[PDB]
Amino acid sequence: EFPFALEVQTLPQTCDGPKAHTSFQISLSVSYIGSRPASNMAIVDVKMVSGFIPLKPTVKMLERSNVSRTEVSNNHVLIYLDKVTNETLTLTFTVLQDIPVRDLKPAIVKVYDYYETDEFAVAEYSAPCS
């Protein structure tokens, strides 16, 4: 059982051209559906597809939201959500191909409450030209 609804899409969704190989946006949607009225502070952890890096200003721009901190470390983007309720929060940022890698595999995204254990969900996404 997952007390968060988590889904991830890319923009573009398909390998629709040369540009889709070297850059795409990641678009995450999250809400809280568990036993409590709402989450506490929560973290969304996005792992990068192999060879991809996040574009810093589009990560920092998420802080303008209902997000109070972000971090880029070790090929992960961390997003600190203030509070998650039954309303869907959508977050979008850009990634860039730093190193082309063959055989691109899916990357996992996790969301978890910062303070209560076993309040988490997982999902995955792929580069559009995988």
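Don't overthink the numbering: it's just position in the shown sequence, from 1.
* To do: For the higher mean C-alpha B factor in the entry, choose 8-16 or 115-123.
  => Mean CA B-factor is higher for 8-16.
* **87-95 versus 61-69 - which carries the larger mean C-alpha B factor in the record** => The entry gives the higher C-alpha B-factor average to 61-69.
* To do: Check where residue 74 lands among this chain's C-alpha B-factors and tell me if it's the lowest, middle or highest third.
  => CA B-factor rank for residue 74: highest third.
* Where the record places residue 50 (Cα B-factor, split into thirds across the chain) -> Tercile = highest for this residue's CA B-factor.
* **Where the record places residue 35 (Cα B-factor, split into thirds across the chain)** => Answer is highest: the recorded C-alpha B-factor places it there.
* residue 104 - Cα temperature factor, lowest/middle/highest third of chain -> It falls in the top third of the chain.
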